[PDB]
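Notes follow the structure.
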Ligand code: HEM
Ligand code: HEM
Ligand SMILES: Cc1ccnc(CCCCCO[C@H]2CNC[C@H]2Cc2cc(C)cc(N)n2)c1
Ligand SMILES: Cc1ccnc(CCCCCO[C@H]2CNC[C@H]2Cc2cc(C)cc(N)n2)c1
Ligand SMILES: C[C@H](O)[C@H](O)[C@H]1CNc2nc(N)[nH]c(=O)c2N1
Ligand SMILES: C[C@H](O)[C@H](O)[C@H]1CNc2nc(N)[nH]c(=O)c2N1
Ligand SMILES: [Zn+2]
């Protein structure tokens, strides 16, 4: 089978054969597409196949397919699984695995960078204090005083599902949200429930608009523990605008390091339930979503108010006007402070080049159009006009349930 | 099989039962989503007809009635005897409204029940087709107060006698490839413009030349007609604050009227069914004007605004895009030609989708097409999970006739 994808701007046509390596399911059927749905304890049985399939990929990538080293490693993993019911990855396999989970992440527009990933093997970690130390080193290494470097830290894999390592924060660095008695929210409304859990666990909340949350860390299935990231390790950027002097007085800032901490990394059948990873921002993640979603900081009105836009009718495009200015301000601020950031024009152009290169050398690039297209200015970016095929390859990053829903408290 | 969609901004959760009536296939499988792909006998005819008449009689609350049974029997006899059948006027009107109600890529469906249907099944010649079309254009334009309409020409018989409107829309501008190497006018219309010229059209060779209609009746070779110029309402584009904007020399037409689709009702195929509503501003301001392969005007507008074009991160493109779209909306509003902005349209679509979930058990919606091509996430449709599936009656895309037609 060959599937073709067209670009409607360039008329470039690509042929995908890689989708033939897909096994996981999409959510879609013959009768129903679920492409815009956000969300569409293993035994030995399922395991050796997953292991073998991963190891065959690994050994092909390094041009050693079928070699003695390849065969002995299959043999070795086979026997490890029968004797212990699981197995351990070699460092080189873990690194290759983590790189490929990113390469395979179909909602990631930043994948041109996939092969440049610093992998911190934290599989020797046993306690939450150990996790905290690991995460500080990650944050410091990745921050690099503004010159951001992609990185991932990988904690011990799942065993019986009763001893999971988990980072309870959704990202390593986020701002607290506090729901007020009058129904308004102070700070980030996306973090209210998590902030409540931190408070209940003993965090002394400053109750401001940009309070960096404490890490809440679960090791070996134990109850999680609170730690404050050292403030000197949290790089932040005050947001100002190049032409509008009043913009700074909105009191806005953001942190420099985007670091997803709630996902599951699957490599060769093994499950790494705590695998925080970080890169750098595309400007719209902050300027469009973080600042301008109604359920987030929601600053559009106040900005358009300061700009004296005609707010009487939507068709003055006052929201679109304020939206561009805010996004200009975020890119300007990060740039002036020398904190790595990419704009959505540059990021999407790089992605199309990456995607074409992947079609040529790999036979495809799974891509989720719903997520890859930026949330402003969609059609003046080259990805809008690009047909994409979304399917699931392993190694992979997966969503997992928030741990407060599933954790059995020990006391 | 019983599905939930969530809006992530409002936490509103809707249950879809309507997908169970899904009929056609999507392009997707359990292994590959094709959500972003643009194009993903008497035996079969009776099931198709019954399925339709059942939903018709159910809609008028006479399901299982004597009138229902009698009609089903009537239609059955007609197929076995004549190999096809004819829709009653009421069935045609119902079917056309429902094909619009079912159009998963249409954001304007809150309007679906207010559709004027023109029954042109009595038409026999291209000249007749032209007369019907002018009347459609004039009815729908309504001196700027636009009214939704569809004109339905005779159904396909043996496939050798198709009615087709060769144009993709009733009103579009010509495109000409130049000795220069650049394109004059609308680059999307170069091939069709050459067919017009090949067929006799004397092209003015300008940037905004309304194309002639190329009409095919009873599967004959198509013929050329000019829409009377006084029936084509156009809007000159100016900006409310930039004096220089009008000097770009831009205009657009008021009536968007898609004329290349196939309407399928109860298994019958209406290969010529041009239909029209009114524009959402972004369709012109973002796509017609700013697409690289369309009028591609971003650079020239950016220049007159004196923006910093040295680096993409000044967001000059985004700035210019907003002003072009302000100018479109302003111009149409000033000349009193119906238009809707993308905020207002997507808000109405969210209201429409809620009515539909409550009253019909779902609403098929293609998120990739529903979300406007600028400012995605400040419109409510961005945060709204949607299920896409194919219900009949339906509008379908069909092969350009020049690739099909034996001359
Ligand atoms: C080099 C800098 C990177 C940039 C500019 C970038 C860009 C982005 C953006 C804009 C998104 C969508 C996020 C959203 O809308 O919430 C995303 C998603 C994602 N990226 Fe990246 N990315 C980068 C690096 C990384 C790294 C290092 C990884 C892991 C190794 C990664 C894996 C993912 C995954 C798994 C998603 C989907 C997340 C989800 O489902 O919530 N990306 N990327
Ligand atoms: C009343 C005002 C209407 C508005 C504001 C509107 C809005 C839109 C928009 C913005 C699109 C996307 C088109 C594109 O991006 O190229 C679209 C597509 C479409 N609409 Fe509507 N619509 C209207 C009326 C109608 C009517 C009257 C019909 C049929 C009776 C219809 C059926 C369709 C179909 C079948 C599509 C998809 C066309 C394709 O696949 O190329 N719409 N609509
Ligand atoms: C490494 C990197 C580089 C550049 N940017 C980033 C930022 C990613 C931040 C992710 C925040 O996304 C949050 C907010 N909305 C959906 C949610 C993530 C999510 C939610 C759900 C239900 C499913 C899913 N797959 N992913 C990370
Ligand atoms: C009735 C109405 C109301 C408001 N707006 C409109 C404008 C729709 C104009 C149609 C323009 O669409 C053209 C340009 N890009 C895709 C193409 C239509 C199309 C192309 C293809 C390959 C498949 C498909 N289903 N539809 C029509
Ligand atoms: C409902 C819909 O799938 C949801 O709003 C999606 C759309 N596209 C997105 N794209 C990105 N990058 N991030 C998101 O959170 C979303 N949200
Ligand atoms: C490849 C992708 O499907 C294509 O560019 C789509 C995206 N969304 C669209 N949405 C609308 N309304 N109209 C279009 O023409 C397109 N083009
Ligand atoms: Zn799909």
* Asked: How many times 2.2 N^0.38 Å is the alpha carbon radius of gyration of the range B:238-338?
  -> 1.36
* Average other protein chain Cβ within 10 Å of Cβ, residues A:321-333 -> 3
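So if we plug the beta-carbon distance of residue B:293 and residue A:312 into 1/(1 + (r/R0)^6) with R0 = 51 Å, what FRET efficiency do we get, rounded to 0.05?
On the way: r = 36 Å, r/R0 = 0.71.
My answer for the efficiency is 0.90.
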* In whole Å, how far is the Cα centre of the range A:19-92 from that of the range B:8-55? -> 34 Å
* Asked: How many Å³ per residue does the convex hull of the Cα positions in the range A:18-103 occupy?
  -> 144 Å³
* For the range A:152-234, what's the radius of gyration and Dmax over Cα atoms, in angstrom? -> 14.1, 45
* **Peptide A:344-352 - average C-beta neighbours from other chains (10 Å radius)** => 2
* Asked: How do B:125-134, B:281-290, B:149-158, A:45-54 rank on mean C-beta neighbours within 10 Å, highest first?
  -> B:281-290, B:149-158, B:125-134, A:45-54
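Let me have the relative contact order for the range A:316-411, percent, based on Cα pairs under 8 Å that are six or more residues apart.
Taking the mean separation of contacting Cα pairs over the length of the range A:316-411, I get 20 percent.
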* Asked: Over chain A, how many percent of alpha carbon pairs lie in each 10 Å bin up to the one with the longest distance?
  -> 4, 20, 29, 27, 15, 4, 1, 0
* To do: Would you list the P(r) distribution for the protein assembly as shown, with all Cα-Cα distances sorted into 20 Å bins from 0 and each bin expressed as a whole %?
  => 14, 43, 32, 12, 0
* Based on the Cβ-Cβ distance from residue B:21 to residue A:15, what FRET efficiency comes out when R0 is 25 Å, to the nearest 0.05? -> 0.10
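Would you mind giving the mean number of other chain beta-carbons within 10 Å of the Cβ of each residue in A:281-287, as a whole number? Don't jump to the answer; show the numbers that get you there.
Numbers: counts 0, 0, 2, 3, 0, 0, 1.
Going residue by residue through A:281-287 and averaging, the value is 1.
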* If you average over every viewing direction, what projected area does the convex hull of the Cα atoms of the range B:261-407 give, in nm²? -> 13.0 nm²
* What ranking do A:344-350, B:319-325 get when scored by the average of other Cβ atoms within 10 Å per residue, highest first? -> B:319-325, A:344-350
* Structure fact -> Length-normalised contact order of the range B:97-161, Cα under 8 Å, at least 6 apart, in percent, tallies to 36 percent
* **Modelled label reach - residue A:60, point 7 Å along Cα→Cβ, the range A:256-274 residues with backbone N closer than 15 Å** => A:268
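For the ranges A:366-375, A:179-188, what's the packing order if you count other beta-carbon atoms within 10 Å of each residue, average per peptide, and put the highest first?
A:366-375, A:179-188
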* To do: Give the calculated FRET efficiency between residue B:121 and residue B:39 to the nearest 0.05, with a Förster radius of 30 Å applied to their Cβ-Cβ distance.
  => 0.60
* **Modelled label reach - residue B:208, point 7 Å along Cα→Cβ, the range B:214-239 residues with backbone N closer than 16 Å** => B:229-239
* Using alpha-carbon positions, what is the distance between the centroids of the range A:265-334 and the range A:155-217, in Å? -> 21 Å
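How would B:406, A:192 line up from fewest to most surrounding beta-carbon atoms within 10 angstrom? The partial results should precede the final answer.
Details: B:406 6, A:192 16.
In increasing order of surrounding Cβ atoms, one gets B:406, A:192.
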* Structure fact -> Rounded to whole angstrom, the alpha-carbon centroid of the range B:340-362 lies from that of the range A:337-376 at a distance of 32 Å
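Where a number appears in this text, it was derived from the coordinates with a stated rule and is not lab data. FYI the Cβ positions are ideal-geometry reconstructions off the backbone, even for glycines, and counts take in every protein chain you see.
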